[PDB]
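Down below is the structure, laid out as structure tokens.
When reading the values below, keep in mind they use all heavy atoms of this one structure, side chains included, and skip hydrogens, waters and symmetry mates. Positions are given from 1, in the same order as the sequence printed here.
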Amino acid sequence: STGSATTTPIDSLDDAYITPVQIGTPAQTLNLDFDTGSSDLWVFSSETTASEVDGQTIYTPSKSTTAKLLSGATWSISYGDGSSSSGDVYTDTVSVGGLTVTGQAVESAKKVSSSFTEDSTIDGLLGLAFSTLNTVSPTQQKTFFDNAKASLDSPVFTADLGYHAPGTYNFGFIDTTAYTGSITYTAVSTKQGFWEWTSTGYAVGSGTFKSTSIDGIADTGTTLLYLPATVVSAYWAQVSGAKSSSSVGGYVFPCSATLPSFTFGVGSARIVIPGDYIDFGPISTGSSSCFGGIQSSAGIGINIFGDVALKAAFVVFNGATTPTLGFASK
């Protein structure tokens, strides 16, 4: 089997991408944030505290003839950005772009933190990291990909995120028309439950390539590119007027400035992030200070190849017995 779904930016900055997901019988379609940095499929629901729902589409298990309570199961998650949610669990039929999993754990939110409430466009998350990170207790549950894997034509999914435009998540096949050149594959460590890999280095604009190992995660659920402070400083040093603002919480720059591209290494191959991808617009409405899309990972404890990086590539998440990551230009 295969599946193919369009993923759409939630706003003009590509702060996140939403993908429609069919849950239950008859189908209830929710727009979920596909997150290769986490491993829970959780949704706004009829069980979510009413005051914490503000425009989201909810899953109502009682209206699904295929929903079954996962008796005794609870879940609770906190994300790197300080947001969180928690609740109980149903199993139900979940379909993504034509691909159907029966018996998928659908984690129903009883509580969500303010950032989720305040984002009317995201109805929940669909985790695509390794199932070892799943928070369901007492019995850890499998991700949608883990459940589908054995049925897929090939045990892979691909992320093709757009810059200020829709893109595509495919399951079970590699669309050879969706990228240029070849796909370079690189090793993955699953020891922290992430799609964790090592970039071979970087370049700033037309500058020479610096060969240096940068361990990080391929995370579709993180907006920006977070790299070591040395790397980030070297980038913003090439932007006139750029500075790190403690009050704002990262590097800012005058919008009149031209942003250089940023290249990262995948083996001997190179992915070029165009400068425009690194512009996240005014820090506040009307401000001449723009927020940068490359920021320091210091104090996160891990480097994160988030959407800024991934949307410059066609990315293969290869769930073979020994997982690997593939990157192509496009």
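The CZ atom of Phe280 sits 11.5 Å away from the SG atom of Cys290 when rounded to the nearest 0.5 Å. Atom-to-atom distance recorded for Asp92:CG and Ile23:CD1 is 7.5 Å, nearest 0.5 angstrom. With rounding to the nearest 0.5 angstrom, the CZ atom of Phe144 is 14.5 Å from the OG atom of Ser39. Note that OG of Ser199 is 8.0 Å distant from CG of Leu227, once rounded to the nearest 0.5 Å. How far CD1 of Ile10 is from OG1 of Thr7: 10.5 Å, rounded to the nearest 0.5 Å. Taken to the nearest 0.5 Å, the CZ atom of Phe44 stands 11.0 Å off from the CG atom of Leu32.
Taking each heavy atom of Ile122 and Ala16 in turn, the nearest pair found is CD1-CB, 4.1 Å. For the residue pair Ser329 and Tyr179, the shortest heavy atom distance occurs at O-CB, 3.3 Å. Of all non-hydrogen atoms in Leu152 and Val156, the two that sit nearest each other are CD1-O, 3.8 Å. Residues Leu99 and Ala148 come closest through the heavy atom pair CD2-CB, 4.0 Å. The nearest pair of heavy atoms linking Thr48 to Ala109 is OG1-O, 2.7 Å. The minimum heavy-atom distance between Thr117 and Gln56, with the atom names listed, is O-NE2, 3.0 Å.
In this pair, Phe34 and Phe171 present their aromatic rings perpendicular. The plane angle is above 60°, beyond the 30 to 60° band.
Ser108 places no side-chain N or O within donor-acceptor distance of the main-chain N or O of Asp88, the cut-off being under 3.5 Å. Remark: the backbone N or O of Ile214 is not paired with any side-chain donor or acceptor of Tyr202 at under 3.5 angstrom. Looking at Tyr251, its side chain never comes within 3.5 Å of a backbone N or O of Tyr235 through a donor-acceptor pair. When atom types are taken as modelled, the side chain of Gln28 and the backbone of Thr60 share a donor-acceptor pair closer than 3.5 angstrom. Checked by atom type and distance alone, the side chain of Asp35 pairs as donor or acceptor with a backbone atom of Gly37 at under 3.5 Å. Panel note: side chain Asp33, backbone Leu125; no donor-acceptor pair is recorded below 3.5 Å. With hydrogens and angles disregarded, no donor-acceptor distance shorter than 3.5 Å links the side chain of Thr91 to the backbone of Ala105. At least one donor-acceptor pair closer than 3.5 Å links the side chain of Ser287 to the backbone N or O of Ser289. Side-chain N or O atoms of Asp40 include one that pairs as donor or acceptor with a backbone N or O of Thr135 at under 3.5 Å. The backbone N or O of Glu52 lies less than 3.5 Å from no partner atom in the side chain of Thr49, so there is not a single donor-acceptor pair.
Side-chain contact check for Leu133 versus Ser38: every heavy-atom pair is 4.5 Å or farther apart. A 4.5 Å side-chain heavy-atom check between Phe130 and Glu196 finds every atom pair outside the cut-off. Using a 4.5 Å cut-off on side-chain heavy atoms (C-beta onward), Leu126 and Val96 make contact. Using a 4.5 Å cut-off on side-chain heavy atoms (C-beta onward), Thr168 and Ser4 make contact. Using a 4.5 Å heavy-atom threshold, the side chains of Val106 and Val43 count as touching. Between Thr57 and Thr29 the shortest side-chain heavy-atom distance does not fall below 4.5 Å. Residues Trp195 and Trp197 fail the side-chain proximity criterion, which asks for heavy atoms closer than 4.5 Å. For the pair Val136/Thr74, no side-chain contact is recorded, criterion being any heavy-atom separation below 4.5 Å from C-beta on.
In this structure, a donor-acceptor pair under 3.5 Å is absent between the side chains of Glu107 and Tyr59. Judged purely by distance below 3.5 Å, without hydrogens or angles, the side chains of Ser84 and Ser78 never pair a donor atom with an acceptor atom. No side-chain donor from either of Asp146 and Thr143 sits under 3.5 Å from a side-chain acceptor of the other.
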Residue pair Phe194, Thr36: steps toward the side chain to side chain contact (heavy atoms under 4.5 Å, CB included) verdict: CA-CA 8 Å; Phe194 302 121; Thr36 61; over 6 Å; no

Do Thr8 and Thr6 pass the side chain to side chain contact (heavy atoms under 4.5 Å, CB included) test, and can you show the C-alpha distance, the side-chain angles, and the key distance before you say yes or no? CA-CA 7 Å; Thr8 303; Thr6 297; 4.0 Å; yes

Side chain to side chain contact (heavy atoms under 4.5 Å, CB included) evaluation trace for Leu70 with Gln141: CA-CA 10 Å; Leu70 190 61; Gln141 298 298 300; 3.6 Å; yes

Full working for side chain to side chain contact (heavy atoms under 4.5 Å, CB included) between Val21 and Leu30: CA-CA 5 Å; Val21 177; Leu30 276 65; 5.5 Å; no

May I have the list of side-chain donor-acceptor pairs in residues 301-326 shorter than 3.5 Å, sequence neighbours left out?
residue	atom	partner	partner atom	Å
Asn303	OD1	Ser297	OG	2.6
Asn303	ND2	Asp215	O	2.8
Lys311	NZ	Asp14	OD2	2.8
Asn318	OD1	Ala320	N	3.1
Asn318	ND2	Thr324	OG1	2.9

Atom pairs and distances, donor-acceptor, side-chain atoms in residues 205-212, under 3.5 Å, two or more places apart:
none

With a cut-off of 3.5 Å and sequence neighbours excluded, list every side-chain donor-acceptor pair involving residues 261-279.
residue	atom	partner	partner atom	Å
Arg270	NH1	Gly267	O	3.1
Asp279	OD1	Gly281	N	2.9

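Remark: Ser83 pairs with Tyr79, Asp81, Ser113, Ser115, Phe116 by the side chain to side chain contact (heavy atoms under 4.5 Å, CB included) rule, at least two apart or across chains. Partners of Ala257 according to the side chain to side chain contact (heavy atoms under 4.5 Å, CB included) rule, which considers only residues two or more places apart in sequence or in another chain, are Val239, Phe253, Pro254.
Note on residues 118-129: pairs passing side chain to side chain donor-acceptor pair (under 3.5 Å), not counting sequence neighbours, are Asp119-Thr121.
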